[PDB]
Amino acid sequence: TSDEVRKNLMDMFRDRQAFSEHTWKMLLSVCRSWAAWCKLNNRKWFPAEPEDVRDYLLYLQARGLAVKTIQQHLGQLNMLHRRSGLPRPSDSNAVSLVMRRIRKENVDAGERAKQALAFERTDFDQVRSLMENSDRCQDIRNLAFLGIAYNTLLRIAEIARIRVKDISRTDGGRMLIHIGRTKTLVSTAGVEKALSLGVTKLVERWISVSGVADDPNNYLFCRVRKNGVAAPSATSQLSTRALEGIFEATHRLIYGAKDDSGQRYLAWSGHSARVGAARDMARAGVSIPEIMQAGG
């Protein structure tokens, strides 16, 4: 019982590299949240008792949290126990049922899983047309980024990993980016994305002015300082938080400052180009497999 369990955790934590860094992040997050509520309520946090998991979740639901997040909290616990030999809280009618009731309660009230505010072709062009005539080094990059973004529909972390070495041009001129790792695909073959003749121009302008080509293993996107001086590196990639930042700025520039409220998706974000390109594609009546080919 407690010898195998304790062992099963050592092996897992031992090979956490076999899990997404984020997975672990949320794990430790949920537990920290959970183990808190337990403390506050004087309850043994692990192994969680179903009844106790129920109140917890019901308590999350009352704090205003969104269904998906609750399913996460429930999800993390579920994995903490299963991957420990122990049985999961979802394996209890109390948890399994509270969860549905909850999900049904929120949805019935109108809760909905939002989607990033789209960045469609019009936005791109509108954006390009504007900053294209700018010599500002920070401007040449963002435009490059937003170009690859839209063009490739690549998630931002996938973009931030593009090695200068990964860049390759076709015989027709167009650039090509090779991608091995990606949220949904961990491959040594991966896929390559072709850039439109124009976006490649955009990308080329950035490289020159950035100096990212002084080294093949240099990250394609690097950071840029106030003095407009770039900073190629093959060890530190520009933070995805920053990329999401390119999207907020470009938006703020065209549409002004965010609402005062505080809601979400009131501006472009790391996924805008993906969802936007996607739409634009279907509205163009592109082949389904072609669409899937694009987003994967």
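Rigid core: the largest C-alpha set superposing within 1.5 Å between the two forms. Start at 1 with the first residue shown and count on from there.
Visitor: Would you mind working out which of 253-261 and 26-34 sits farther from this form in 6 other deposited structures of this protein by RMS C-alpha distance, with the rigid core as the fit?
Guide: Between 26-34 and 253-261, the one lying farther away in 6 other deposited structures of this protein is 253-261.
Visitor: Which of these two stretches, 79-87 or 116-124, has the larger RMS Cα offset in 6 other deposited structures of this protein when the rigid core is kept aligned?
Guide: Larger mean C-alpha displacement, comparing 79-87 and 116-124 in 6 other deposited structures of this protein, is found in 79-87.
Visitor: Decide which of the stretches 42-50 and 238-246 has the higher mean C-alpha B-factor, going by the entry.
Guide: If you average the C-alpha B-factors of 238-246 and of 42-50, the larger mean comes out for 42-50.
Visitor: Averaging C-alpha B-factors over each stretch, which comes out higher, 205-213 or 120-128?
Guide: Mean C-alpha B-factor is greater for 205-213.
Visitor: Which listed residue, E158, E192, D91, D139, has the largest C-alpha temperature factor in the record?
Guide: Result of the comparison over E158, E192, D91, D139: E192.
Visitor: Out of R163, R225, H81, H73, which shows the largest CA B-factor listed in the entry?
Guide: In the PDB entry, the greatest C-alpha B-factor among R163, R225, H81, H73 is found at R163.
Visitor: According to the PDB entry, is the CA B factor of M99 in the bottom, middle or top third of its chain, that is, lowest, middle or highest?
Guide: For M99, whose C-alpha B-factor we compare with every modelled residue in the chain, the answer is the lowest third.
Visitor: Is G262 in the lowest, middle or highest third of its chain when residues are ranked by C-alpha B-factor?
Guide: Its C-alpha B-factor belongs to the highest third of this chain's values.
Visitor: Sorting the chain's CA B-factors, does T152 end up in the lowest, middle or highest third?
Guide: For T152, whose C-alpha B-factor we compare with every modelled residue in the chain, the answer is the lowest third.
Visitor: Lowest, middle or highest third: where is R283 by Cα B-factor in its chain?
Guide: For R283, whose C-alpha B-factor we compare with every modelled residue in the chain, the answer is the highest third.
Visitor: Relative to the other modelled residues in the chain, which third contains the C-alpha temperature factor of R274: lowest, middle or highest?
Guide: For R274, whose C-alpha B-factor we compare with every modelled residue in the chain, the answer is the lowest third.
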